[PDB]
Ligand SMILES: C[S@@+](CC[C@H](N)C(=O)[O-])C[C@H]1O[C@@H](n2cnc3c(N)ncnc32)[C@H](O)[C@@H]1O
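Next up: a single chain in structure tokens, the form deposited without S-adenosylmethionine (SAM).
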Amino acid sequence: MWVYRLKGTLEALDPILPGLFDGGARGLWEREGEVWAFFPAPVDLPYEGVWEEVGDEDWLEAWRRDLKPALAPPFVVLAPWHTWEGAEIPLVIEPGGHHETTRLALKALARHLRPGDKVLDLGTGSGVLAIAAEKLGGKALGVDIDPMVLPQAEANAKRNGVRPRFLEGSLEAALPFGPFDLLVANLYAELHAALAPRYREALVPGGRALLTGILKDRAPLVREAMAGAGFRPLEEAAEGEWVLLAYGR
């Protein structure tokens, strides 16, 4: 589809709106003192608007403009352009916080992390959990096997005024910086089950593992593997079909 953009408000352009619809407009939007009229293809119009074809960039931009802060107590997840007036701890993250598992992990982190604790965020992605860990007074390393995500993780951190360490790799790559007081891992059940004995090795005695990305029907696999590795269960929570399991070492 194509947009015909006109300078002015809907109120001001009221006289010509019927003409736009007569010409085949199927949508109208007022956006920052312009009216955008949407058509299957350009047609001859006497209104001195400009034609442009709508692309993926336009969809992404419109959706981004519609994003709202996402609560994840004690945090609020914000886009870089959001303001926040409340008491919640802000976490500013470039949109790719809405996800159930990030909400679960942030809540669990606030409960199990203590100021001064050394944290491993395994599969850091956007860096959100490592960044939250720093905001809570922890000292975080975020690792990801995908090096491509790390520059954005660093940018997010800077925007939040904290500096976790970010590294390319998996669990093996983190061990040199260990052992850790707490590991948080938003992965999936089968991977947690495989990694359980290495989780034990990554953590000090008395340390914590917060595991999410677990589908409810796969939770038994994780309970079994974590018990096998000598962890004790502390807390469970769910949102939608997703669970977080918290363990002590």
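Note that residue numbering begins at 1 and tracks the sequence as displayed.
Keep in mind that the form deposited with S-adenosylmethionine (SAM) bound is missing from the display, and what follows is about it.
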Per contact check vs S-adenosylmethionine (SAM) in the deposited complex (non-hydrogen atom within 4.5 angstroms), the hit among 46-54, 61-69, 203-211, 186-194 is 186-194
Residue contact check: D117 to S-adenosylmethionine (SAM) in the deposited complex, 4.5 Å heavy atom: no
- request: May I ask you to check whether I145 falls inside a 4.5 Å heavy atom distance of S-adenosylmethionine (SAM) in the deposited complex?
  value: yes
>> Residue-level contact is defined here as any heavy atom of the residue lying within 4.5 Å of S-adenosylmethionine (SAM) in the deposited complex; does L129 satisfy this criterion?
In response: yes
Using a 4.5 angstroms cut-off on non-hydrogen atoms, would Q152 count as touching S-adenosylmethionine (SAM) in the deposited complex? no
Exercise. Just checking, between this form and the one not shown are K135 and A79 in a single rigid part?
Worked result: yes
